[PDB]
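All remarks here apply to the structure that follows.
Residue numbers start from 1 in every chain, and the chains themselves are labelled A, B, ... in the order their sequence lines are given, proteins ahead of strands. All values below come from the heavy atoms of this structure, side chains included, with hydrogens, waters and symmetry mates left out.
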Amino acid sequence: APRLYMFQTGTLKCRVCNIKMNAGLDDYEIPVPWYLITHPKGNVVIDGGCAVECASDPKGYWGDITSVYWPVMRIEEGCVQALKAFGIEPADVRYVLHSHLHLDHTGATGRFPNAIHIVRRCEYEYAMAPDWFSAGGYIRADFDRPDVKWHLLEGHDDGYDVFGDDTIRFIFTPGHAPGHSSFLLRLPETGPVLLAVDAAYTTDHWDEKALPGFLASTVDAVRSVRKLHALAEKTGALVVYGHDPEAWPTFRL
Amino acid sequence: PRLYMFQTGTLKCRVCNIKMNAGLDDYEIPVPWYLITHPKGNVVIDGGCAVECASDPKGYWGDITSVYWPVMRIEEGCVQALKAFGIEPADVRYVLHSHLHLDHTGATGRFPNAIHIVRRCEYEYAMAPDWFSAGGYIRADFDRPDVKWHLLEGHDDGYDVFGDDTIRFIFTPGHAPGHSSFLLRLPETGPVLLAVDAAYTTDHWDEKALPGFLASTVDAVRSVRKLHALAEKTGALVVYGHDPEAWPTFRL
Amino acid sequence: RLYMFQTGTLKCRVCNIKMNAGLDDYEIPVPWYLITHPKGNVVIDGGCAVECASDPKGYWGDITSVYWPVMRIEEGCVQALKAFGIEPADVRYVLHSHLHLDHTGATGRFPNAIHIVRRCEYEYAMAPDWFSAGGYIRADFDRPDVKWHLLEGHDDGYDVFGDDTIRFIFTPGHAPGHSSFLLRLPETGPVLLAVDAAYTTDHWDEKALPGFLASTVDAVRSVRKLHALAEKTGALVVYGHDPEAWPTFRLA
Amino acid sequence: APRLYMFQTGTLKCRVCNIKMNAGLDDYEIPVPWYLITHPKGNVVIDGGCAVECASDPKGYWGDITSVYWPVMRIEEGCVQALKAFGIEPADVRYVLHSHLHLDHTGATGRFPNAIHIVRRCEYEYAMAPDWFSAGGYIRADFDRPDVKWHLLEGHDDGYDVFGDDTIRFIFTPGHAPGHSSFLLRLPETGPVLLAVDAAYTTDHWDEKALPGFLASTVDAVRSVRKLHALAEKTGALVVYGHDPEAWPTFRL
Amino acid sequence: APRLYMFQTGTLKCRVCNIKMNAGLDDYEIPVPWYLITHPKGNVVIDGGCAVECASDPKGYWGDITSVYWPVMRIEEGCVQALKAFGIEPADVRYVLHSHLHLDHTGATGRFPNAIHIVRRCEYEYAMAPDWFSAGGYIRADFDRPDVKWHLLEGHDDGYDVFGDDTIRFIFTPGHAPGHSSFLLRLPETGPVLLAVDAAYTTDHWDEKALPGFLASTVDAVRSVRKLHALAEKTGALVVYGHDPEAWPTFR
Amino acid sequence: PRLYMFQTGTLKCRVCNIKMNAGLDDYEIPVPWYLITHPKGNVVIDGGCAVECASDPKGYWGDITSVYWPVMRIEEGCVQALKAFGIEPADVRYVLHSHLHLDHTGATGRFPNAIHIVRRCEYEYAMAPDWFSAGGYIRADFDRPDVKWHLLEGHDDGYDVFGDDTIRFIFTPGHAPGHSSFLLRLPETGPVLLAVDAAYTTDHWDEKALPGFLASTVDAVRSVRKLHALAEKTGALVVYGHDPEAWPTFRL
Ligand code: NI
Ligand code: NI
Ligand code: NI
Ligand code: NI
Ligand code: NI
Ligand code: NI
Ligand code: NI
Ligand code: NI
Ligand code: NI
Ligand code: NI
Ligand code: NI
Ligand code: NI
């Protein structure tokens with residue numbers, strides 16, 4: 001029966017303003033979550049965190065963006081590595097799901113050779129052709145790989161049900177990135193779990209006391225938060241914020 | 001035709017408000033507005049902050065004054081300064097709006113014969129804003145039943161007010177959903193590119209800053225590059241929106 | 001359970017309901033709906049505002065020359081629910097077909113209720129055109145303490161509880177964000193609340209066009225969309241303003 | 001030097017409500033204008049009025065719709081016949097412009113053997129596949145002819161300049177019909193002339209005291225009227241309404 | 001309990017290039033599939049192959065297009081006749097579904113007097129007003145009949161469930177034609193069956209070794225195939241290609 | 001201003017790659033590119049195949065060479081031919097791109113001061129192509145971080161490079177998503193319509209052929225009829241994109 005495991009590729013060191021827009025220039029540190037869903041029909045990885053290469057050579061693999069987001073992580077936190085130790089070989093992953101293609105969410109891409117990769121077309125298309133302000137958050141060595149099998153979702157695909165049994169559904173949440181998606185999970189014992197990912201970094205974002213410090217569209221981002229508000233109230237879901245260093249320890253990790 | 005660059009005083013805020021994530025230090029900006037006198041009629045662009053802000057900013061603007069504190073004198077109100085200049089309110093043919101933010105709707109409905117020209121989507125957004133931008137829209141300024149509006153559509157980019165290339169709307173979405181800059185052509189100066197809030201300062205123009213308040217980052221930076229191409233094509237003189245350093249260097 | 005209420009009637013002419021059909025006086029019921037659900041009570045629209053029972057001219061304004069509301073104070077949706085056994089705090093959702101004046105009596109009268117309507121109806125209600133502005137009562141729907149869920153273009157079929165009990169069925173045309181509702185109840189089975197997508201059997205049978213509408217193309221295609229839905233589901237079809245059909249239904 | 005000639009193919013007999021929505025069932029008669037532009041680069045016909053077949057067999061050529069719109073016209077009023085009488089043979093018309101493809105505006109279609117027919121793509125497409133409420137207003141025998149050379153304009157073609165010299169321009173005015181276009185004309189002596197056609201049936205529609213009694217979108221219709229308000233104010237144009245039995249005799253015919 | 005019957009209206013003789021783009025002028029022959037679903041709630045015909053008139057007088061009914069696609073079929077293969085030999089009379093068909101409105105998929109249109117015809121709106125509208133390169137492929141004698149009851153699906157209707165029980169669902173696959181739809185079926189014993197129709201002529205098309213030889217959009221056609229890949233991989237569906245002379249005998 | 005029509009040798013391919021489904025015969029086409037010398041600065045359009053193809057085709061283009069074999073000398077490289085003509089690489093103000101296919105990106109980035117103008121949707125498609133078109137996009141040409149781009153938007157049709165009617169973008173989608181033709185106005189010659197790949201040959205122009213490589217057939221044929229109307233209106237001299245019979249009849 002299906003289960004949800006919450007992992008973390010270490011942390012990112014940045015400023016408060018990168019998380020909470022115009023909030024200040026103090027140092028600040030955030031977890032990098034990623035998720036595994038074990039399912040009778042196959043295992044699912046969501047995003048995979050920062051690329052394992054960041055544990056050894058961040059400046060070489062990410063480049064100048066490291067002056068903004070410094071990744072603090074060990075080699076064994078790499079998604080492939082963490083999974084091997086957990087007992088799942090890279091070949092035993094049926095799906096990689098992507099909320100979006102930012103640099104702390106593409107560690108899984110191409111690392112699971114049998115996995116279909118599911119993401120919004122417009123995220124893939126923006127990733128390949130970013131604007132200058134966001135070009136550094138997209139690592140082509142992660143997501144630009146000819147060997148990858150992609151399922152690129154269209155605008156009408158909101159709610160896409162990965163297995164067709166309501167276990168995992170994409171919940172489109174544009175704004176933080178053009179093709180950003182959250183996920184609604186339904187587990188037999190826990191019930192519904194809402195993975196906001198970067199549609200709501202922190203409880204302050206969810207409560208409309210902060211704007212994301214990086215974003216493609218503020219108009220979409222705040223409407224997407226309210227869309228999640230309605231979804232959380234309808235389902236009673238447990239809400240998991242994308243990058244909340246105060247709430248992250250309170251969940252099952 | 002002539003272009004007069006007035007200013008409705010200044011705004012006191014933080015640096016982050018103008019340059020996103022750039023710090024919390026105190027910062028002050030001019031609030032431009034513009035007069036074009038034309039043989040076919042006078043044109044006011046935006047008109048600055050409402051004159052009521054000179055007396056009672058908290059009463060007229062409300063909570064938003066905790067972010068943007070307006071410093072102006074009554075003399076600076078756009079009706080008053082134009083009255084003291086020889087221009088009677090009835091003697092204004094057009095009011096043009098870059099957008100309907102609070103420091104750009106001082107002229108709205110104060111000129112009783114003016115057709116008010118703005119993008120439809122700015123007008124619609126102004127009437128139904130999201131929570132993060134609602135404070136910056138003052139309904140007392142733009143929500144007046146008596147106003148004659150021409151609401152531009154998406155195909156209207158480049159709209160030529162007189163049909164003679166003196167004043168054209170240059171759509172620059174991003175800072176607000178219906179934000180527009182303006183390209184002026186004057187007999188002697190030639191082309192003047194009024195960036196307004198598409199490019200607050202030279203740092204934004206040089207892609208060293210993002211706006212601290214914005215509807216869409218994607219649109220805003222693409223709109224700046226649109227202006228780059230227009231400036232390079234025309235040789236226009238580029239007037240930034242709220243630049244304390246560059247503003248004194250213009251004929252004011 | 002579904003309970004079908006009404007807030008009195010409206011007095012108009014036949015042509016306001018069946019376009020171009022005559023100036024004879026005409027009277028129509030104003031339905032509104034209550035769904036009792038184990039997970040929470042649902043109010044659809046709520047009829048004309050209760051303020052209309054006392055001071056119609058004062059509350060609705062000039063539009064009373066077109067639509068005169070005739071209702072008692074006890075027909076107000078709060079009052080009628082209290083009489084029924086349901087206090088205003090015991091209402092989890094208010095659903096809006098659209099935001100015309102005879103459909104916003106419930107807005108903001110239920111302090112814990114999430115209000116669900118198409119975003120494009122909310123936005124049009126805030127910035128309407130001159131022909132429809134009188135049909136949108138800002139005193140009803142423009143309350144800043146109201147909690148909205150504004151549905152997007154892809155949310156057609158939105159399932160309020162997640163259990164096929166109540167679904168939005170987008171039916172643009174009569175208003176830009178008009179929605180009908182498809183209900184499924186255990187004993188009755190499917191019930192299709194057309195609301196203003198089809199005022200009467202004449203509209204449903206394509207012998208009439210609505211006497212007020214934003215788009216005729218959308219309005220007729222929305223009726224045919226309902227035709228297919230009725231035919232697929234076998235639903236009981238409830239017309240929105242039909243004086244002959246309305247007494248034949250079960251009323252609270 | 002270019003000139004504008006305002007013709008008419010008789011009248012239509014209907015009810016007041018067909019012209020001014022919901023304004024009563026009284027009997028009502030309207031002129032059916034069409035226009036000829038003389039130009040050094042060629043002759044231009046706008047719409048051409050009702051098909052000359054309506055002067056003889058209205059019920060046979062139009063059908064059931066004659067119970068709503070009864071055409072009163074003589075045979076010599078057909079656009080081919082009146083142009084011959086005037087001095088122009090059918091082969092000497094270079095452009096047929098269509099405001100829209102309603103039955104009283106397709107008398108010219110395919111009657112001019114060398115003319116390019118210019119109309120909005122979306123008007124042409126809707127005319128081929130209308131809805132039930134408007135199917136009777138589109139006469140397939142007029143506009144569905146395989147010999148006709150069409151230039152179908154797209155949405156970005158607003159302002160289209162037929163000759164390239166500001167003499168005749170399409171002014172898109174959706175609402176009455178999906179692809180309805182008005183025309184802005186500039187003549188050497190008269191200056192600007194605004195042909196509203198069916199964007200503004202009468203002065204009453206222009207002053208926003210009436211709505212069209214037949215229309216595809218009220219929202220587009222009133223916004224298109226206000227678009228024409230702005231154009232008339234900007235240019236000083238003489239405004240010619242499309243079916244105004246009180247204002248029509250006040251123009252040069 | 002529902003069943004899928006796979007029929008055929010003879011073949012089409014054409015060139016290979018008509019089926020696999022730029023693959024050669026060699027002669028080629030392809031089956032013309034069509035489908036019947038028997039369902040407790042009614043019988044459903046999908047497309048219905050070529051018109052029966054093609055068995056008698058091809059040139060007279062199709063016109064010049066018979067120079068590209070020659071139909072070889074017998075009058076008993078006409079969809080009304082082959083159903084009359086199976087167990088069902090024309091009046092006992094509740095729904096006619098259309099993948100698109102090309103000549104080899106409009107044999108059923110208007111032949112079943114009570115059948116609601118379900119197709120994408122944009123297919124119906126394109127068929128009424130096609131471009132020159134494709135007009136010959138649309139036979140107005142088949143689909144332009146005023147007696148036909150149409151349900152015209154909109155863009156948001158992807159997934160449309162005919163009966164509301166997952167037996168037959170429209171799977172939008174634009175590209176071969178603007179309004180082209182494939183079908184996902186679920187049968188009690190067989191499980192999921194994916195009718196690709198003309199979104200994937202052959203297994204070369206499925207395997208991205210061939211583009212369609214006739215198409216409206218190549219971009220949409222290839223993205224539609226990849227969308228079917230994802231559907232096939234998720235459901236384990238049996239994939240039925242639309243015009244494959246080799247694989248077609250492997251089916252029942 | 002003057003127009004000079006150059007060519008980077010030829011392409012060897014099949015007939016069908018040019019005229020769809022028209023056969024597997026050997027075929028050769030010229031590869032035009034254009035220079036406009038203008039008082040306000042020189043303009044290169046496209047620039048032909050990259051000069052690297054004259055030395056190492058298989059190395060620079062890869063597998064696509066099995067479809068399009070390029071036959072050119074180093075001297076034909078756009079930078080080389082311009083030097084020999086008297087124009088150094090620095091003396092090019094603008095590089096215009098019809099589209100970003102391999103035979104039209106020879107100039108990209110070879111002129112260090114040149115603003116590069118192309119449709120946004122072409123630049124975006126080139127960066128993320130589908131499998132059938134990925135071969136035709138050469139990253140080594142257009143994916144250069146140093147290049148200064150002006151990316152035209154959907155409303156920019158008719159874009160006027162110098163603002164004096166000499167060179168205008170004429171959007172012609174279909175052969176590629178963001179393909180554009182160009183209408184030139186020269187003082188002595190009058191109008192010149194560079195169709196580029198919107199009309200390979202006179203047979204495409206005359207609607208006796210479809211292009212052998214295609215993003216959208218619907219757009220491509222409508223773009224050809226758009227060019228028809230433009231040529232009829234202006235009397236333009238019509239230059240086809242890859243026509244081996246017509247190309248010698250023009251001034252080279
Ligand atoms: Ni992110
Ligand atoms: Ni992140
Ligand atoms: Ni602003
Ligand atoms: Ni400002
Ligand atoms: Ni209503
Ligand atoms: Ni109502
Ligand atoms: Ni009309
Ligand atoms: Ni008319
Ligand atoms: Ni087909
Ligand atoms: Ni077929
Ligand atoms: Ni090409
Ligand atoms: Ni080429």
Side-chain angles (χ1 to χ4, degrees), chain E residues 14-28 64 67-69 100 102 122-123 125-127 129-138 174-180 200-201 204-227 229, chain F residues 13-27 63 66-68 99 101 121-122 124-126 128-137 173-179 199-200 203-226 228:
Chain E
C14 58
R15 284 89 101 201
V16 173
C17 63
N18 305 131
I19 283 315
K20 317 180 180 201
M21 185 185 85
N22 304 334
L25 308 181
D26 276 340
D27 290 19
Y28 201 62
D64 294 354
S67 66
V68 197
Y69 303 103
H100 54 316
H102 287 177
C122 67
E123 183 62 15
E125 288 177 340
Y126 187 74
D131 301 282
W132 67 262
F133 76 94
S134 55
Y138 289 105
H176 167 69
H180 182 273
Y201 274 156
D204 279 344
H205 293 96
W206 191 265
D207 294 328
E208 309 188 337
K209 295 162 178 170
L211 299 175
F214 176 101
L215 78 185
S217 167
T218 315
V219 172
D220 285 337
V222 297
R223 297 181 177 176
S224 286
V225 168
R226 293 213 170 174
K227 168 182 185 184
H229 291 168
Chain F
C13 62
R14 292 233 91 92
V15 152
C16 61
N17 306 123
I18 299 323
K19 328 200 166 183
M20 185 194 71
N21 304 338
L24 309 186
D25 290 314
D26 298 290
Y27 203 67
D63 289 358
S66 46
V67 190
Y68 297 104
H99 57 320
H101 284 170
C121 71
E122 181 69 11
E124 285 176 345
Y125 190 77
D130 301 284
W131 68 261
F132 77 95
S133 55
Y137 287 106
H175 164 76
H179 181 273
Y200 280 158
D203 283 350
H204 298 97
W205 184 268
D206 298 345
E207 301 183 350
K208 295 342 270 184
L210 292 175
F213 178 96
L214 221 65
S216 168
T217 324
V218 166
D219 291 333
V221 297
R222 292 177 187 185
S223 289
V224 164
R225 294 206 169 171
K226 172 185 192 177
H228 288 169

* Pairs flagged by salt bridge (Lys or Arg N to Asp or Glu O under 4.0 Å) wherever residues 206-216 of chain E is involved - sequence neighbours left out -> E:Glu208-E:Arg226
Can you say whether [X] sits under 4.5 Å from chain E via the side chain, the backbone, both, or neither, judging by heavy atoms?
X: F:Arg222; result: side chain
X: F:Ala22; result: backbone
X: F:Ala209; result: backbone

* Would a 4.5 Å heavy-atom cut-off, applied to side chains only, mark E:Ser217 and E:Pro178 as touching? -> no
* Would you mind reporting whether E:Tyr126 and E:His100 have side-chain heavy atoms less than 4.5 Å apart? => no
* Asked: Given the options F:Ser133, F:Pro129, F:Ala215, which has more heavy-atom pairs under 4.5 Å with chain E than any of the others?
  -> F:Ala215
* Relative to chain F, which segment of E:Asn22 carries a heavy atom at a distance below 4.5 Å: side chain, backbone, both, or neither? -> both
* Asked: Considering only heavy atoms, which portion of E:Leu215 lies under 4.5 Å from any heavy atom of chain F: side chain, backbone, both, or neither?
  -> both
* Asked: In terms of the angle between their ring planes, are E:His102 and E:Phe214 parallel, tilted or perpendicular, with boundaries placed at 30° and 60°?
  -> perpendicular
* **Short N-O contact, F:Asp25 and F:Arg14, less than 4.0 angstrom** => no
